Amino acid sequence: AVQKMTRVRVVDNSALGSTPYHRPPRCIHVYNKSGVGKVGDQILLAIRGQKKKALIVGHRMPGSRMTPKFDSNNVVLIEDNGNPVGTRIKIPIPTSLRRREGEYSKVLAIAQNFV
Amino acid sequence: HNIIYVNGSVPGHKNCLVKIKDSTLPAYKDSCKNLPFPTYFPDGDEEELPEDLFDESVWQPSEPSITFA
Amino acid sequence: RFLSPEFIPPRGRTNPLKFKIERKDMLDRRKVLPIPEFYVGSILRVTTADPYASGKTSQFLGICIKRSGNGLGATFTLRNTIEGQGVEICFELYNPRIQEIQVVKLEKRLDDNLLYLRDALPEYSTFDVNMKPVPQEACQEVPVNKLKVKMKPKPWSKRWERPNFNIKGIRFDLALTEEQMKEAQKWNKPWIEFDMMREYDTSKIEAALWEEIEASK
Amino acid sequence: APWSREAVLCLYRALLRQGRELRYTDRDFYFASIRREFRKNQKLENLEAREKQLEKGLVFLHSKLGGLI
Amino acid sequence: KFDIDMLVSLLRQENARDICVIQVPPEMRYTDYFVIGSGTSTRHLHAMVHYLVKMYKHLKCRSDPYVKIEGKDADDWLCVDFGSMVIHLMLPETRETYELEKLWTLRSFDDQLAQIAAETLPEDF
Amino acid sequence: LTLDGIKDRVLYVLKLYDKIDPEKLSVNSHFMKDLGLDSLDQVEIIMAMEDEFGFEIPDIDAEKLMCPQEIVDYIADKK
RNA sequence: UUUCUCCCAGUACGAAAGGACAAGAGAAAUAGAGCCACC
């Protein structure tokens, strides 16, 4: 998953995320009461020397039964206003985010690929 | 087989004797009103109980596959 | 006579009566939902009710990589690569929300566990979701795929080269020198192959279970 | 440019008809949007690229306006 | 009950400039209907969003629980998740930039999908 | 069918479209040269004509009309 | 054991602006006591 450090793959078309950079995009903070960040959990990602909130959509940590375990950590950038930074998401995104507590409709609308 | 299925975990190892009593929580203050007040007497045999007793929400085996419609 | 793994009880102090009750429910459920015979390495398509969606079922296709659990709680895992993403889903055999089970391709692989396929090349793990079922022969053993997969660079999830794993489906020669294998072989523990304290026999239990299962039918 | 320009006229006509058959959405924008879609893409294209654009429109035409409701 | 036809008529009453509704086939495990709405100004966006929720609560939906409103903080994109439909409300200019309709209308042929790019993440040494 | 009725109606639908400039909207008004009409223009003009008269005009010969009177003749003989 | 959200309810109240309670529900968090069906 994504946590302190834990270099993640930025699945977004945001300018900072889309542009290649020599240092990988790591995380600085997890926006949850617990310290562990999983799918649907807001995080304080770092991109192009800037701090941008990201939403986790996949993790490599073993999950509950009847669920697919991702082989890579995927995140989606979210603006301060709450709208996603990027207008599209490339990696398939689980549809459980809809039922997850929080505001996920905007990201799901931007996520064309659903598994 | 006089087996009771209870939610949650019970302290101790398997095959360990335990003491069972009615819930003392305030919410379930008086549940014995609708239950056998002293106890259930099979000797009376007013009505033979089914071999397996199920809760309404419980899905019995051999039922149709649950579809989330 | 194919006895499914879940029916075989494991060694322990668990009450036999639990297995007897569990088997009856499993047999009763098998009537409602038919559980096809399959082995690790077989590609299966399983239909399950979707909780997030309303009144919509989905079918997922993947190669069976591992079988775990016993009794009503037994589960099976099938692996596939979708949109370039390796995905493994664990399905419980007797879960009420599994509408149907279809064995698209019934086959066996060299090893009983295919966790090393994650370290193998993606193509060995890629399977078309829409691939149609292939014919099978009833009075025969399941086809055994003897293809040896090629591994990715040396850093792996587990040290498959070690004799303990004894993986027979890996092309170690291509990625590992014979000297490296000898280094791995230093953990041979040859007495383990000859130690009878680690042996658990279920043949008698398996044979006894067969008649009981057939009797219920 | 197209393999057959007759399909373009037939395809465009069907799209306009679907707009009059589309209730839940606002009929006003759809007519303008479709006209813009035809102008932006179809005016300059290659035979291979044009085949994809018209082919997707045909599926768009033949699939209840491609899910528009 | 609160259904697709009632909401869009209510949207028209509050004068939604542009409404997009996309049905979802049973195979795709998402909401049956995806809805996108336009609104002239953030004040109009706030007003229309409140109106639909108020009508939804009044119009039966007793079995369903109350629906939280998402995106009210944003002045350009407000989205409300109802039981059978999701309405994404935005400004007209914001509508074209995001092109939610293209994503759903063109499931895999949407132009913005290609706009996504990749990167490389080498180590320092 | 009235040939004169079609001509005025055909001219009327041509007049309805705003993008084309009816500087000389004669019965023999040409499209490529007289009105400077592109492929988009002729396509749309047929659409307006098609809607009024029950469509069923295929583009195989529609682009060959090149003038209101020709389509008037094509409309007249197809009804 | 503690926090947060929802509900009550845009109601009570208030000219408006604004905006509660109590009761109920759902989420987590940590502490304590346990447990191995699954991972």
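Chains as they are written, first to last, in the entry's author numbering: chain L, 31 to 145; chain E, 280 to 348; chain Q, 74 to 290; chain v, 2 to 70; chain u, 85 to 209; chain w, 74 to 152.
Using N, Cα and C, we set each Cβ at its ideal position, and we do this for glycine too.
Compare the Cα-Cα distances from residue i to each of the options and report the closest residue.
i, options, result
"residue 85 of chain Q", "Q/275, Q/288, Q/290 and Q/118", "Q/275"
"residue 201 of chain u", "L/93, L/41, L/72 and L/103", "L/41"
"residue 147 of chain Q", "Q/95, Q/218, Q/231 and Q/260", "Q/95"
"residue 5 of chain v", "w/75, w/148, w/143 and w/136", "w/136"
"residue 79 of chain L", "L/96, L/106, L/93 and L/53", "L/53"
"residue 175 of chain Q", "Q/243, Q/108, Q/259 and Q/103", "Q/108"
"residue 175 of chain u", "u/124, u/111 and u/103", "u/124"
"residue 94 of chain u", "u/138, u/116, u/113 and u/114", "u/138"
"residue 184 of chain u", "L/139, L/126, L/56 and L/131", "L/139"
"residue 105 of chain L", "L/64, L/65 and L/127", "L/127"
"residue 272 of chain Q", "Q/77, Q/83, Q/75 and Q/79", "Q/83"
"residue 135 of chain u", "u/110, u/97 and u/188", "u/97"
"residue 30 of chain Q", "Q/138, Q/143, Q/145 and Q/189", "Here chain Q has residues from 74 to 290 only, and residue 30 of chain Q is not among them."
"residue 247 of chain Q", "Q/234, Q/258, Q/203 and Q/132", "Q/234"
Residues in its own chain within less than 6 Å of residue i by CB, not counting five upstream and five downstream?
i, result
"residue 109 of chain L", "115"
"residue 145 of chain w", "79, 80 and 83"
"residue 112 of chain Q", "181 and 215"
"residue 54 of chain v", "42"
Determine, for residue i, whether the minimum Cβ-Cβ distance to residues of chain Q falls below 8 Å.
i, result
"residue 341 of chain E", "yes"
"residue 113 of chain u", "yes"
"residue 144 of chain L", "no"
"residue 110 of chain u", "yes"
"residue 318 of chain E", "no"
"residue 125 of chain L", "yes"
"residue 108 of chain L", "no"
"residue 128 of chain L", "yes"
Classify residue i as helix, strand or coil using the three-state DSSP reduction.
i, result
"residue 51 of chain L", "coil"
"residue 151 of chain u", "coil"
"residue 161 of chain u", "strand"
"residue 316 of chain E", "coil"
"residue 154 of chain Q", "strand"
"residue 131 of chain Q", "strand"
"residue 121 of chain L", "coil"
"residue 75 of chain w", "coil"
"residue 139 of chain Q", "strand"
"residue 32 of chain v", "helix"
"residue 2 of chain v", "coil"
"residue 148 of chain Q", "strand"
"residue 83 of chain w", "helix"
"residue 61 of chain v", "helix"
Should residue i be flagged as near chain w, meaning a C-beta pair shorter than 8 Å?
i, result
"residue 41 of chain v", "no"
"residue 13 of chain v", "yes"
"residue 6 of chain v", "yes"
So is residue i in contact with chain L if we call contact Cβ pairs under 8 Å?
i, result
"residue 155 of chain Q", "yes"
"residue 200 of chain u", "yes"
"residue 204 of chain u", "yes"
"residue 107 of chain u", "no"
"residue 97 of chain u", "no"
Excluding sequence positions up to five away, which residues of its chain have a Cβ less than 8 Å from the Cβ of residue i?
i, result
"residue 143 of chain u", "85, 86 and 90"
"residue 163 of chain u", "154, 155, 170, 171, 172 and 173"
"residue 67 of chain v", "60 and 61"
Taking CB distances under 8 Å as the criterion, tell me whether residue i reaches chain u.
i, result
"residue 129 of chain Q", "yes"
"residue 97 of chain L", "no"
"residue 44 of chain v", "no"
"residue 201 of chain Q", "no"
"residue 150 of chain L", "A question about residue 150 of chain L goes unanswered here, because the residues of chain L that appear run from 31 up to 145."
"residue 36 of chain L", "no"
"residue 35 of chain v", "no"
"residue 102 of chain L", "no"
Within the 8 Å Cβ cut-off, does residue i reach chain v?
i, result
"residue 193 of chain u", "yes"
"residue 163 of chain u", "no"
"residue 135 of chain u", "no"
Answer with yes or no whether the minimum CB distance from residue i to chain E is below 8 Å.
i, result
"residue 104 of chain Q", "yes"
"residue 257 of chain Q", "no"
Residue ranges of each beta strand (DSSP E) within the region 92-122 of chain u, 3 or longer: 103-107 and 117-122
Suppose only complete runs of 4+ residues qualify. What are the alpha helix (DSSP H) ranges in the region 238-269 of chain Q, listed by chain order? 245-248, 251-258 and 263-267
For the region 164-192 of chain u, which segments carrying the alpha helix (DSSP H) assignment without a break, of at least 4 residues, lie completely within its bounds, in sequence order? 176-182 and 184-189
- Item | Residue ranges of each alpha helix (DSSP H) within the region 81-113 of chain Q, 4 or longer | 89-105
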